[PDB]
């Protein structure tokens, strides 16, 4: 999904709000802030109502301006609440009643997702690969900066996981795939307009193809 959450490479932001080893304060800076992750785990492990990938996607489905002005932990409050309503566990009415006021949620999905690709390749360390030049409207764990770009494999995972573009929509056809650490030269991704050296993206097998 080419949403505003895909921020890598956007220009115009200012300084990162941190100096190395500065005090970052306590883990939680408000008494509610442990609730979004804890209730996410409740939903995944105790209720079996959704996957972690569905939480990433429902946060990507926040209305774009809403995403941009909402603090991190609050995005996950909104996301988990949205999934609880979508999965039929809660209603928006009871959430607003309890909250004493408006509780706008993420927007409905505009994609049903897609299955784990039927045809993929097992790649080896050192091989050159291209990120598939594909556009996916639903969830995908490919940041747009690397779409269509070529890099080299530095690692193939020894474990396999459900394809995000499927499990992120709650589909039954996510299968399992390994991922690959793909190393890109900075100039491959941003031409001369970078000060970096290389970028390694951890890409599902189904996002890749041989570079020839």
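Positions refer to the first chain, counted from 1.
Relative to one another, 128 to 136 and 104 to 112 have unequal mean CA B-factors, and 128 to 136 is the one with the higher figure. Stretches 143 to 151 and 45 to 53 differ in mean CA B factor, with 45 to 53 having the higher one.
By the numbers in the PDB entry, the CA B factor is greatest at 211 among 4, 8, 211, 1. Across 200, 24, 189, 203, the entry's maximum B-factor at the CA atom is seen for 24. In the PDB entry, residue 58 places in the lowest third of its chain by CA B-factor.
For residue 40, the recorded CA temperature factor ranks within the highest third of the chain's modelled residues. Looking at the C-alpha B-factors along this chain, the one for residue 184 belongs to the middle third. Split the chain's modelled residues into thirds by C-alpha temperature factor. Residue 164 is in the lowest one. When the modelled residues of the chain are ordered by C-alpha B-factor, residue 174 sits in the middle third.
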